[PDB]
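Residue numbers (PDB author numbering), protein chains in the order written: chain E, 26 to 98, 142 to 517; chain F, 27 to 98, 141 to 517; chain C, 26 to 98, 140 to 514; chain A, 26 to 106, 138 to 513.
Quick reminder that beta carbons are idealized off the backbone N, C-alpha and C, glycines included.
Here the structure is laid out as C-alpha cells; the discussion comes afterwards.
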Amino acid sequence: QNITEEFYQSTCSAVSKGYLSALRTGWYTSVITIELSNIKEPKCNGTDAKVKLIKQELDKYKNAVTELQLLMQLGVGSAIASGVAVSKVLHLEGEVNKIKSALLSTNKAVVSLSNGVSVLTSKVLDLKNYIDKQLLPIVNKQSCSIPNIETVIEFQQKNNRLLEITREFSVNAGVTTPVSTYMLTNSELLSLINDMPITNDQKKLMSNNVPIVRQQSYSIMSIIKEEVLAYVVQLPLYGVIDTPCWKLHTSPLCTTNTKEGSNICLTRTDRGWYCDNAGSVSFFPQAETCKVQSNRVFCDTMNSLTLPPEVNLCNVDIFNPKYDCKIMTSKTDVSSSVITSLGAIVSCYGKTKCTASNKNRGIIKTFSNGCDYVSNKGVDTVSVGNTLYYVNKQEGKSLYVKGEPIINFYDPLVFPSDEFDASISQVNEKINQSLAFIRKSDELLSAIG
Amino acid sequence: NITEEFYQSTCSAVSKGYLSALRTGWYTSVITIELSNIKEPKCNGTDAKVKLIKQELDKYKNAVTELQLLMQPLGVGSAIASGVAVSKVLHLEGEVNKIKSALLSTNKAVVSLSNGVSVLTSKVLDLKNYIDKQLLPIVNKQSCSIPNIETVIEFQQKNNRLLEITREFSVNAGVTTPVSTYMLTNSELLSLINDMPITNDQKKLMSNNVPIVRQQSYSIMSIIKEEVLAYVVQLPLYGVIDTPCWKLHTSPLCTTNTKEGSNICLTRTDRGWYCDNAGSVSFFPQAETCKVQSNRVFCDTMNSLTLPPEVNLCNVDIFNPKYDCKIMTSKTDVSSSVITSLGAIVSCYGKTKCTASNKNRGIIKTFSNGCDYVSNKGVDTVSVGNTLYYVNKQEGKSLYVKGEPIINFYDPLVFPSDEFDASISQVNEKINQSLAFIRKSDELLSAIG
Amino acid sequence: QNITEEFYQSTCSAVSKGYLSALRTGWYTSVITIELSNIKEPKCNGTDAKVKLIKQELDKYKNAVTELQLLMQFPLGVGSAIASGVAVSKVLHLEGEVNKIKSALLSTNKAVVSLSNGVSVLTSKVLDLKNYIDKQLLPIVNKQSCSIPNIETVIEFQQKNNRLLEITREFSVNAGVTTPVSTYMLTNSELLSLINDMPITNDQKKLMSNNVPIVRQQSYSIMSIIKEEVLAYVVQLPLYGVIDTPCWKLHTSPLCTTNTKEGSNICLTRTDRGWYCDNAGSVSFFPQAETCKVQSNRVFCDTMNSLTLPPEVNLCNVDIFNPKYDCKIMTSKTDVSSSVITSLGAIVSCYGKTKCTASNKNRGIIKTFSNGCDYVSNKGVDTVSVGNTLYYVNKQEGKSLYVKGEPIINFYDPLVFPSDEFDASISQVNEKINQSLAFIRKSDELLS
Amino acid sequence: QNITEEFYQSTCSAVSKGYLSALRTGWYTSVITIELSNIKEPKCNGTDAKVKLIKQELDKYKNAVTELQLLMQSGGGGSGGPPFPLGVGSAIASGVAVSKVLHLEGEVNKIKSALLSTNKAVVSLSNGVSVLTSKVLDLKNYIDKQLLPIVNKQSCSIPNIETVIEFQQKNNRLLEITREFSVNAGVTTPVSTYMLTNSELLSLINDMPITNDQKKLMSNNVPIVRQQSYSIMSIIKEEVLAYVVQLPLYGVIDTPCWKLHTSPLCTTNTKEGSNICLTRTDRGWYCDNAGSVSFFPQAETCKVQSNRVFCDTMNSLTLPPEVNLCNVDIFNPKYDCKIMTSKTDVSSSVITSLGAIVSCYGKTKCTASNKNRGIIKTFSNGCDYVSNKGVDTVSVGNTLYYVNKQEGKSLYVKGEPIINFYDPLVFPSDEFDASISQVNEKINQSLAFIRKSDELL
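So, in C-alpha cells, the structure goes:
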C-alpha cells in the first residue's frame, strides 16, 4: 500500500492521499421478527423453588411484552425515511401476516410487501415455540409439575435478548444507531450481507467492515401485533467504491515579523475529507463523519457537499484563477499544532516554546516562529506550549513543499483582518476597496496642495 | 429463457435465447370488391331520405372516380416488386374478366392469369348486389319512391368500407403498409393464412402475430374496371423459423489514461441481430428492421447480410484469426449508455455523472471512467448525465465476462484515430506500417557518424 | 417573444437564441378503461331491418373484442420509451389488480388507485359499453323473440361502439403501442382533466394544457389487458422537469476556400448542429433534428434523445479556437453550393460557377452572393435561390446580427490540411498538421 | 394533526404550523432507595462448587457497595452538569440540591422509617421540600435471611442451585446500577430501566402532584421522559443506597408551535464572485408561551412526536409575538428581522415538515424526483420550494435527501426575493450576525458617503 502526504509551506496545510472511497449512497432495509407467546399467563398452586424462578421469568417476559406495546404507541434531511417507509407498510392489515406465513417453514424469507418493496425477512428468536412447548404445560394446571433446572436456566437466557431489546427502546424511543448486537447478532448480520442483492465486491466489503456497517445502520421499531414483534434494520449501501480520497489538514499562517499584538493571520478554511464522486468531488467538512479502516474511507454522502474537481487546485496553487480558494483571517497570533495522517503541522507564534521529540532521545527539534511540519519518521511526540500531542505512526511517505508563506504578500495596513468566511478573491476585493479610499482621499488633498 | 453475456474486454454484450422468424419471400393475393356502375339519380323527389340516399350515391360515385385516377454495406431491394407484378397482369385486357368468371359462384377461388401468375382471389364486398337490388330501383325512376329509413342507415354502413379504402389509397399514392382492417379485416387475414403453402407451425406463427404480419404487409391498388375493384395484398412469407437468434449491443471503449482528451477510442461496429439461417448467419444491422414479440424476432432478410458462422467468434475472442471484427476508431470523449435485454452497458467518460439506481433504495452503483455493465437484477434505472434510461425487467440470467479492455493494448501514438469502418487486421496493418517507418528513419539517423 | 440570431462569418454558422425550454424528464402513467359487456352472439331469431342493423353492430363489437384479446401474446444512446408504462401494464396482468380498479370505478368515473407494485395511478372509465348493451340492447336480443329496437338506439349504439372499434383499429396495425396518442385514445377534454388531476405543479399544468398537441406527440398509448368485462390500456404522458431554461439552435454550413481551380480547395464544416438547452448546470444537446418540437418560442424535447455537454460547449460559437473546449469539425475537399435556412435568416455557401441569390417578393433579386460563406436576414427577404433550388425563408420576426471575421479555413495551409476527417475536432486537426510538418522536416534534416 | 406549511419566496424560508407544545419548564425530584445488607465478607472454609458461586456473588455485591461509596465521597454527583445569544444553565442543579439534603443528619433515617411498612411514601425533608420516596429493591432482607446462615457459620453449609441462581438475579440490578454510575461519575441521562423500571416510573407519575393532563402526557411519552430525565447518585450509608431522580415537568402544554426553515438567498444575476447573498437566521422552533414566544434556535433541544413538540426552555429565548411578523414581511416596522450575509455560492437543500427548499447555485444538479416517475422538477438557479406532492427525493449534487411524507397541506407564497433589491456594489457581506435595519445602516453610510464625495468632485 501507499499513503502519502504533502505539506505546502506556502499555505500551512497538508494533503494526505492514497485512500480509497466507500461512500454510502443508498439504503437496504430488512424486517427482523421475534415471535412471542403473548397469550401466556401463569397461575397454579405449586410452590417449589424451581417453580418460583420460572414464574418470575414469565412476569419478566410478560412485562417486556406489555411495555413494548406501550412503546409502539449543514444539509438537513431524515436519515431513516427508507426504514420508516417499510414500517408504515407493516401496519397495513395482513402485511404482518405475509411475514408469518413466509417464515413458517424456515427462519429467513424474502417477502414482497404491498408498496412493491422486496425485503429480506428473518425470524431471529422463537419465544412462542419455546414457551408453548417446554413451558406452557408446566404452569397451566394447578398441579404445576416442577421443571428441571435446565429449563429454568434456558428460558432465562432466551428471555434475556427480549429484555435488552426492550431496555434499548425504552431510552431510544424506537431508533438506534449503531444497530446493537441484541438488535442483530454479528452472526445474523453476516448472513444478511450474504443474502443481499449486491455485487460480490460489495458483499466482501460489507463483511470485512461489519463494525463500520453497524455504526452506519438504523434499527427502527415497527409493530407488535398478532403475536409478532417486528423491527426494520436499515443498512448502508455503498454506491461509490475505490475512487481516490484525500484528507486536508489546515493550521493558521501568520506574520512573525511584528512583535506585538498586531499581526495578520490567514487560514485555509476548507479542511476535511475529499472524495471523487461521479465526476465531481464530495467534500466532508465535519471530518468526524468519516470512518477510516486501513486505507478505506467510509462516509455517508448525506453529510457531504458536492464540489467541482478544480477545488484540488487550492493545494497546488492557492492563487489559481479557476477556483476561488476559501480562506479565513484573524488577528490572533496563537500557537497550536495539527496532527496529520502521518506527520504534524506546528504553528508557533509568540513566546511559546515548540518541541519535536523522540521517545529514545528527548527533544530533537526546536521550532521557529511561523508554520512548520515534521514527518512521523523519527518523531513520536510534538509539544506546543502546555500540550503534548502524540503523532500518528502509520507508515507512509511524506514530502515537504517549500514556498513563500503567502501571508507575507499582504500589506498589513489594508488587510481585512477579521474575515470569518472569505475567499482569496473576497479578500482582494476588500483590499482594492480600501485602496479606493486611498487614491480618493489623497488627490482630494491635491486641490490646494 | 433469455440469457446475456457482457464481455468487458470489448465493451459489448450478447443477448441469446431468441427464436427467428425471417421474411423469406412474399405471398400475393388479389382482393375484389364488386361495384355497381355509376348511374346518377335522375329522380326529382325531395323527401329528406331521398336527399340522404342521393348524398351517399355521390360519395360512392365520387369514390369510384377517385379510384379511376389511382389505377392511372447492404443491398438495395424493391419491396413491392412482387406485388406489382400481379397488379400489372390485372391491368391487362381480359384478366379482370377472368377474375369475374371464377368468382360468380364463390367468394374465393384460385385464378390463372396470363403471365403464369396463378393467385388466390377473394371477393370481400358486394356493393353491386346491394345497389342494384335495393337502392337504384327506387331512385333511378323519374319519380322516385322515397326510401326506408333503415335503407338510408344501412347503405351508409355498407359504403363505409369502400369510402375508407379509397381514402387510404388517395393519401398514399396507392400503396399502403401496414395493412389495415379496411384493406383486410382480421377475419379475412386469418382466412388467408389458412390457405398459404407454408408449414402448419408457420400458419400458427402468423395467426398469433397478426399485428406483426400487418406491419410487414403491403396493399397495392391495382384496377377499377368492368364493375370490379381489385387490389393486391402482399403478405410476408416466413420460410426460416424457430432457429437461434442473438443480439449484439456495442458501446464505445476509450482509454481514460491521461486527462484532457489525449485518449484513443474503439467501438465494435457489428451491432445488430444475428440469426442462424441455412448453415450461415443472417445479420440484420439496423435493429429497427426487426421486431420482437415475446422471445421471438421477426426480421426481413432484404435488410440482411449473410455471414459465415465464424463471425460469432468475435464475441468469444476479438483477436481470433478467422473473422476480422469490424471496428471503428475516433476520440469521442462523451458518455453514453445502451440498454440490453436484461442489463445496461455504460461508457462513462470525462467528468460526467453515471449511476445505476433502484427505485426503493436509491443509487446503487456510481460508475468509474470506463466501460461497465449492470444487470436488471435489482436495478431499475441508469442515469448518464441528465439522461435517465429505464432497464428491461424481464427474467434472465446475465453473466459478466471479466477481461482487459483492448484499448489498453494499443499504443496511443500508433493508433489510426479516425477510421470509419476498419477491422482489427486493417488497423494492425496501419500499426505495422506507422511503426515500420519510425524504426527505419530513427535507425537512418544512427549512421550520422 | 424576442428571438435573436448571430451569424459567425468565421465558422459559417449561425446561432438562434431566446427560446425557452420544456424538456421532458419523467413519465406519468394513467390507466384508461372501457367497461365491456362480453355477451355472446345472440340467440334472437329475428328479421326486422332494425334488428339486422343491431346484429351487424353487435358482431362488430364481438369481433373488436376478440381482435383485442389476440393482441396480447449516432453518437447517442439507446433506450425503451414505454418501459415506464409497461411496468403498470404488467401490474394489471396480475389477478386482483383488475378487480381493484373495477371497484374504484363502478361508482364514479375518475379515481386514484394504488397498484400492488407500489404505484399510484389515475384511472379513468371513458366508455361504458357494458351497461348500455346490458340495459338497452341485451334485454331485447337475448330472447329467441326479439323486440324490434328503436331507430335512435341503432344510431346511438353505432356511435358508442365507434370508439371501441377505432381504438381497436389503432392498436391493430401499431402492434399495441401508439404515438401520438390520438383523440380516440384520449379525447381532448379527457386529457385536460388528467392534467388537472396530476400531482404536478400548477405551472406544468398550464404548460401541458396550452400545448395539448405537443403533449400528444410525446405521449404513448400502451394496450394492456382485457378481463372482468374491462378493457384497460395505459397512457404515458410527458413530465417536463426542465422548464423555461434558455435554449438555442445552432446552424452550420460548409466553409471552404474560393481560389479557382476545380479540385484544389480545402473544406471545413462545424458538426455540432442541433438544439441546445441549459439543464441542471450542464448543456443538453439534441443532434437529431426530429426530436425537438417548437411551438411559440418554446422547445419541447425528450431528454433521452440528448447528449450532456459541459457548458463550455457554447464557447465554440464565440471562439472556435478557444482553449477550453475542443470544437467538433469535419473536413473534406468536396465543395458544393448549398444553403441552410435558419430561424430568422439564411446561410449561403456559394462555391464554383453556381449562381446564388436572395430575392424579395416585389423588388426581385435583392442580393447576389459572392463565392464563399455568407448570410442574409429574413428582413425584406422572401426566398433564397442556390442553383436550381428555391428555398423560402422563415418569416418569424426577430433581430439578427452579423459577427464579422476571418473564415478559419483561410488560416490552414492546403498542403498539410487533413481533408478526410469525418468526426474530428479543431485540436485533432492540429495534431495531424503538426505531425505532417514534422515528417517533412524529419526528411529534411535526414537529407543533409 | 392538521399540519400545514407555507413557503415565502421573498425570504427563502418556510414555516410549518399546527404543532402542540410540550415544554419542559421545571423539574420534579424523587428519592429512590435500595435496602442493603451490612454483611461482612464470607467467614468459613468451603469448597463445594455452589459455595464457590455464592461466595463469588457476594464479592460482586460487596465490591459494588465499596464502589458506590467511592462515588458518594469523591464528588457525590454534585456537578455543574451554546449558540450566539443564549443563556447557560445547570441541568442537575435542582436534583443535586435534594441530593445534598440527604447527606444531612437523620434525613436518611426519616426515609428509612417512612419506607418501613410501605415501599412508596412521601417525605417532607429538613427544608420543607416534599419528595416521593420509593424502595425498589430489598437485598438486605434476602441476603440476611436466605443467604446469611450459609456464610455465617464456621463451616459453610452448601446452598441450593436455586439459592445460587436467585441471588445472582436479585444481585443483578444493584450491579448494573453501579455500572451505569461508575462510568458516568454518578449522573446519567437518559434514565434506564435499571435505574427506574417502567412499572416504577408510571406508578411514580401517578403519585406526583401534577395535573391529570400532565399525567397523560408523561405516562404516554415514557421514552421522551426518560431521555429528558437525570439520575443522580446521592448517598450510600445506613445500610441504604439512595439516589435522586430528576424528571421533567411540563408546565406548558397544547399551546401552538411552528417551525421555521431557512436557506441562502443569492442573486443569480451574474457569474462566479459577482453574486451576493442573504439568509434568515431566526430558524428554529417557536411556541406561544405566556403571551410571549419561546424561541428554540437549536431545533434539537426539541424532540417531535406526532403533532407534539417536546422542547426544553433552558435552550430558549423569550420574544415578543411580533417576531412572527418576520414571516409575512421581512421589511416590517415592528420587529427587526435578523439575517446574515456572505458571498458563498454552494447549493443546499432543507427538508421541512412536508416539503423541500432547494438553494441551487453555481452548476449543481439540483433535482426532485419520484419513486416511479423520475425527475419531476429540475431546479434552476435561485431558491425554490417543492412540496411532497408525489415527491420522494431531492438530489443536490451527489447528495440524496428523502422528503418527509407527512400528511398535510402546503402553500407556495409567491414574492420577489429581497436579495434582488440590494445594490451589489454597496452591499455588506461579512455579517455573521445582523438585522435588516443594521444592513440598511451600513448601506446608508456607504451611499451617503458617496453623497458627500460626489459634491467635492
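query, result
"Residue of E:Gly340, E:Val402 and E:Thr374 minimising C-alpha distance to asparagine 383 of chain E", "E:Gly340"
"Cβ pair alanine 39 of chain F, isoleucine 407 of chain F closer than 8 Å", "no"
"Proximal residues to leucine 321 of chain E (C-beta, below 6 Å), its chain only, five neighbours per side dropped", "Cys37, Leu334, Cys439, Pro473 and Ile475"
"Span of the alpha helix (DSSP H), counted from its first residue to its last, around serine 259 of chain F", "254–261"
"Within chain F, partners of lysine 427 of chain A - CB distance below 8 Å", "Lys427 and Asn428"
"Option nearest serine 35 of chain F by Cα separation, candidates F:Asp385, F:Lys508 and F:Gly430", "F:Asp385"
"Nearest-angstrom Cβ-Cβ length linking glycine 51 of chain E and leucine 305 of chain E, presumed shorter than 8 Å", "4 Å"
"When F:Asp84, F:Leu142, F:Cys69 and F:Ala147 are compared against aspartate 338 of chain F, the one with the closest alpha-carbon", "F:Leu142"
"Collapsed DSSP secondary structure at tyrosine 468 of chain E in the structure displayed", "strand"
"Nearest-angstrom Cβ-Cβ length linking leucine 172 of chain C and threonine 189 of chain C, presumed shorter than 8 Å", "With 8 Å as the limit, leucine 172 of chain C and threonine 189 of chain C do not qualify as a contact, their Cβ atoms being about 12 Å apart."
"Bounding residues of the beta strand (DSSP E) (the contiguous stretch that carries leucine 456 of chain E)", "455–458"
"In DSSP terms, what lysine 42 of chain F is bridged to", "F:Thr29"
"Interface flag, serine 485 of chain C vs chain E, CB-CB below 8 Å", "no"
"Neighbourhood of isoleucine 492 of chain A by C-beta, 7 Å cutoff - its chain only, sequence neighbours within 5 removed", "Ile386, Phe387, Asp392, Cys393 and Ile395"
"Residue-level contact to chain A via CB, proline 389 of chain C, 8 Å cutoff", "no"
"For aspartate 368 of chain A: DSSP bridge partner residues", "A:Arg49"
"Contact set for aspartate 269 of chain E: own chain, Cβ-Cβ below 7 Å, skip 5 residues either direction", "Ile309"
"Assumed close pair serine 290 of chain E, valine 300 of chain E - CB separation to whole angstroms, cut-off 8 Å", "6 Å"
"Residues that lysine 271 of chain C bridges to, as DSSP identifies them", "Paired residue(s): none; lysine 271 of chain C is not in a bridge."
"Members of the stretch 52–80 of chain A near chain F, C-beta cut-off 8 Å", "none"
"Interface residues of chain E facing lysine 445 of chain F [CB-CB closer than 9 Å]", "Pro265"
"8 Å Cβ cutoff met for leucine 373 of chain E and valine 402 of chain A", "yes"
"Residues that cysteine 439 of chain C bridges to, as DSSP identifies them", "C:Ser415"
"Pair within 8 Å by beta-carbon distance, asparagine 277 of chain E and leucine 45 of chain E", "no"
"For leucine 171 of chain F, three-class secondary structure by DSSP", "coil"
"Residue span of the alpha helix (DSSP H) that contains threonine 189 of chain E, given as start and end", "Taken as a continuous stretch (DSSP letters only), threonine 189 of chain E belongs to no alpha helix (DSSP H), being part of the beta strand (DSSP E) at 186–194."
"Through-space distance from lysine 80 of chain C to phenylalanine 352 of chain C, alpha-carbon basis", "53 Å"
"Test item: CB-CB of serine 287 of chain A and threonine 244 of chain A under 8 Å", "yes"
"Interface partners of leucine 456 of chain F on chain A, CB under 8 Å", "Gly430 and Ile431"
"Inter-stretch contact at 8 Å, needing at least 3 Cβ pairs: the stretch 292–299 of chain C / the stretch 501–515 of chain F", "no"
"Inter-stretch contact (C-beta, 8 Å, three-pair minimum) for the stretch 202–219 of chain F and the stretch 68–85 of chain F", "yes"
"Interfacial residues, the stretch 176–188 of chain E to chain C, with Cβ spacing under 8 Å", "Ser182, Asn183, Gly184 and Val185"
"Alpha helix (DSSP H) runs contained entirely in the stretch 273–354 of chain F, provided each spans 4 or more residues", "278–283"
"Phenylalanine 488 of chain F at chain C interface by Cβ criterion, 8 Å", "yes"
"Contacts around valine 442 of chain F, its chain only, beta-carbon distance under 8 Å, and the 5 residues preceding and following it disregarded", "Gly411, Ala412, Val414, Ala424, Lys433, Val450 and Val459"
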